[PDB]
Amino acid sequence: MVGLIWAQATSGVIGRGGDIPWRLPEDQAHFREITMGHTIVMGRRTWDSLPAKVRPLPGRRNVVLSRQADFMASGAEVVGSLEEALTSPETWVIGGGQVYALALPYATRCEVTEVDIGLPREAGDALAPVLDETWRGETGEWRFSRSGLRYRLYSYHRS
């Protein structure tokens, strides 16, 4: 099972200027409960964006995709291809834009957090992949963040 997990503005934006363009602590907790104890796969830019205090993300096997054959990072398994990245029976792809697109055809689950923030797309933004008719989803009830954004959870699957 390969799953994709991301948080996106309604607009589809997941990243800008190398950052996630909002704060949503509740989403982190959700992310942790999905990924804990599993292999996670991420592109090199997403690895770089992890705060040093949690690079690698603890309790998870950190797998980092890079085309740099000699790229190394403490606590991460650097691999040069997706095939090398997806060998664990349960694998969660945690970003970013490039790697979601790369892994999408291999995926049968998506766990999405929608953030109700006004954030029109800008050129060069990292974006969420588009889920077509092959996917079924269940939409969670809107929740209200400690800071004030409304957000909700989607679970998508295809068999």
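Here the rigid core means the biggest group of C-alpha atoms that line up within 1.5 Å when the two forms are laid on top of each other. Residue numbers run from 1 along the displayed sequence.
In 9 other deposited structures of this protein, superposed on the rigid core, the segment with the larger root-mean-square CA displacement between 45-53 and 99-107 is 45-53. Remark: when the other structures in 9 other deposited structures of this protein are fitted onto this one via the rigid core, 65-73 deviates more than the alternative among 30-38 and 65-73, judged by RMS CA distance.
Higher mean CA B-factor, judged across 34-42 and 63-71 from the recorded values: 63-71. Per-stretch averaging of Cα B factors for 146-154 and 6-14 places 146-154 on top. When the C-alpha B factors of 118, 124, 95, 105 are read from the deposited coordinates, the top value falls at 118. Sort the chain's modelled residues by C-alpha temperature factor and residue 109 lands in the lowest third, per the entry.
Sort the chain's modelled residues by C-alpha temperature factor and residue 58 lands in the lowest third, per the entry. Residue 131: CA B factor lies in the middle third for its chain, per the PDB record.
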